[PDB]
Amino acid sequence: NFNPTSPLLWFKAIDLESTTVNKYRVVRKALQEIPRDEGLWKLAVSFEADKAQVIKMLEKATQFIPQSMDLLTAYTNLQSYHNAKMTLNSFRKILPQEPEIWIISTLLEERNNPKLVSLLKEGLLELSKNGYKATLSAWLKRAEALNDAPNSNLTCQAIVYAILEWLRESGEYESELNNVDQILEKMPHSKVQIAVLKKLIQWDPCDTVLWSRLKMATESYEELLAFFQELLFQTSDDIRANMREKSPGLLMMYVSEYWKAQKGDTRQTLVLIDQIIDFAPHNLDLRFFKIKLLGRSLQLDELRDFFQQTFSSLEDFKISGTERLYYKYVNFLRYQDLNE
Numbered sequence: 301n302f303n304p305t306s307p308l309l310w311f312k313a314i315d316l317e318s319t320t321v322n323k324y325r326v327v328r329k330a331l332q333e334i335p336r337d338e339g340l341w342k343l344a345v346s347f348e349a350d351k352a353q354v355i356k357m358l359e360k361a362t363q364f365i366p367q368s369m370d371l372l373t374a375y376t377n378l379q380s381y382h383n384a385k386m387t388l389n390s391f392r393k394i395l396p397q398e399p400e401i402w403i404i405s406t407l408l409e410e411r412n413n414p420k421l422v423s424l425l426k427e428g429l430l431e432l433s434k435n436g437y438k439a440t441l442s443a444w445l446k447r448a449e450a451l452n453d454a455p456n457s458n459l460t461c462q463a464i465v466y467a468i469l470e471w472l473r474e475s476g477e478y479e480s481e482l483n484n485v486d487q488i489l490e491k492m493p494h495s496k497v498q499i500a501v502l503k504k505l506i507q508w509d510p511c512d513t514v515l516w517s518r519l520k521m522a523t524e525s526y530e531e532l533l534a535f536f537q538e539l540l541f542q543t546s547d548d549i550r551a552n553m554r555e556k557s558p559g560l561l562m563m564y565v566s567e568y569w570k571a572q573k574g575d576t577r578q579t580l581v582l583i584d585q586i587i588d589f590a591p592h593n594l595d596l597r598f599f600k601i602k603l604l605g606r607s608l609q610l611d612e613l614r615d616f617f618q619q620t621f622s623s624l625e626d627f628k629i630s631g632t633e634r635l636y637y638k639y640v641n642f643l644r645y646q647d648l649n650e
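Structure, rendered in structure tokens:
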């Protein structure tokens with residue numbers, strides 16, 4: 301009566317009242333008296349079993365507290381349509397929402413789960434519309450918890466990508482990247498962190514990142533492999551070149567992964583062959599794994615044929631590191647295994 305405006309009293313009253321109906325009544329009274337108390341609204345939302353009433357309550361809450369995030373999320377959860385989502389967006393677009401409110405929209409979008422490329426577009430749109438405050442890797446921190454939920458990790462990835470793009474547009478920082486890396490390292494064996502790394506890799510050559518990716522995969526105890537496959541297939547046109555230039559252990563890593571995956575020793579062989587074909591000057595490292603596979607399988611004539619094939623290619627490689635010396639030794643060994 302005397303102090304209707306103070307929330308604490310209402311809370312106390314609620315605590316006191318054990319019966320659910322009574323509690324509800326109290327909450328209603330509080331709402332009537334005080335409009336802004338988020339906690340009270342949340343409590344109200346919680347109490348009820350039926351649907352329409354709950355929805356109404358949510359709506360009321362939304363109306364009253366203009367920028368309550370949890371309430372908004374709850375509201376979104378309720379209506380269960382793309383039309384509904386659109387409506388929500390429309391409602392929200394009129395309200396000023398600079399900091400990090402589109403994330404909810406993104407989440408809503410991929411509730412369907414097939420679509421996932423439009424997420425990126427949405428992310429891109431995000432900051433160009435709003436009068437944004439200069440921040441880097443704030444989203445990531447917030448994404449984390451959000452990501453940790455189901456049907457959310459995928460959404461997070463798009464957002465991350467968008468953020469990265471924005472950063473790139475702005476200019477290379479040096480510190481921001483480091484911060485991001487640190488964040489990733491903290492709360493390890495998580496998918497959103499991995500996604501960031503993946504995004505980075507696509508953009509630019511990062512052996513450290515690749516190692517990091519591997520580590521992440523190990524922690525998880530396949531995604532990486534899938535990513536690699538995608539890279540190979542969607543764009546050996548431009549990837550072969552870069553890879554060739556690198557002359558790295560990426561290929562070796564891939565081979566190892568394949569080996570780990572399969573005891574059937576045919577798929578891996580095929581992959582190796584593809585890699586060999588793919589690389590224009592052909593990488594030296596690949597052949598050893600192929601040889602090993604052949605040995606495992608035990609196919610003398612086939613092995614011989616393979617070696618012959620390798621030989622022809624070999625004539626261009628002059629003064630190349632571990633080139634002839636390794637292969638010839640292997641050949642000798644093979645010969646010894648059958649005929650001296």
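Numbered per PDB author numbering, the sequence shown spans residues 301 to 414, 420 to 526, 530 to 543, 546 to 650. No residue lacks a Cβ here, since even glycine has one placed at the ideal position from N, Cα and C.
- Linking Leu425 to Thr543 through their CA atoms gives a straight-line distance of about 19 Å.
- When only Cα atoms are considered, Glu479 and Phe642 end up about 50 Å apart.
- Setting aside the 5 residues that flank it on each side, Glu409 is surrounded in the same chain by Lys385, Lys420, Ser423, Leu424, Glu427, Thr460, each with a C-beta closer than 8 Å to its C-beta; the list follows chain order.
- For the pair of segments examined, the region 462–477 was found not to touch the region 511–520: the number of CB pairs separated by less than 8 Å stays below three.
- Membership of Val497 in the alpha helix (DSSP H) is indicated by the continuous run 496–508.
- Annotation for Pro304: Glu333, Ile334 place their beta carbon closer than 8 Å to its own, counting only its chain and skipping 5 residues before and after.
- A check of alpha carbon separations from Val640 across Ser630, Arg606, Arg597, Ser622 identifies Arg597 as the nearest.
- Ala330 is positioned such that its CB atom lies closer than 8 Å to that of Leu340.
- Distance from the Cα of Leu429 is smallest, within the candidate group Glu449, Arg325, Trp402, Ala448, for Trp402.
- For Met369, the three-state secondary structure derived from DSSP is helix.
- In the DSSP assignment, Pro307 falls within the alpha helix (DSSP H) that extends over 307–316.
- The residue among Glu625, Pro414, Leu445, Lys570 with its C-alpha nearest the C-alpha of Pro591 is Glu625.
- By the 16-neighbour rule on beta-carbons within 10 angstroms, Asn301 is exposed.
- The Cβ atoms of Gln462 and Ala500 sit closer than 8 Å to each other.
- The C-alpha of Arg336 is placed about 18 Å away from the C-alpha of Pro396.
- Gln609 sits in coil when the DSSP states are folded into three classes, being neither helix nor strand.
- Nearest neighbour of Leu388 by Cα position, chosen from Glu359, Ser557, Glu400, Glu398, turns out to be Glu359.
- For the pair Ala313 and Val321, the CB atoms are not nearer than the 8 Å cut-off.
- A direct Cα-Cα distance of roughly 49 Å separates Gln618 from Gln487.
- The alpha carbon of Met492 has as its nearest neighbour, out of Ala467, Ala448, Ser557, the alpha carbon of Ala448.
- The Cβ atoms of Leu594 and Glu531 do not sit closer than 8 Å to each other.
- When secondary structure is reduced to three states using DSSP, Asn389 falls in the helix class.
- The C-alpha of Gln537 lies about 19 Å from the C-alpha of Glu555.
- The straight-line gap separating the alpha-carbon atoms of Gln646 and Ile549 is approximately 39 Å.
- In the assembly as shown, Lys393 is an exposed residue. Its beta-carbon has fewer than 16 other beta-carbons within 10 Å.
- Collapsing the DSSP output to three states places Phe347 in a helix.
- For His382, the three-state secondary structure derived from DSSP is helix.
- DSSP, read as helix, strand or coil, puts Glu431 in helix.
- With fewer than 16 neighbouring CB atoms inside 10 Å of its own CB, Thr319 falls in the exposed class.
- The Cβ-Cβ distance between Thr620 and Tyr637 falls below 8 Å.
- Apart from sequence neighbours up to five positions away, the residues of its chain that approach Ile464 with a beta-carbon distance below 8 Å are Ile403, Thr406, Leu424, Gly428, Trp444, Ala448, ordered along the chain.
- For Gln487, the enclosing alpha helix (DSSP H) begins and ends at 480–490.
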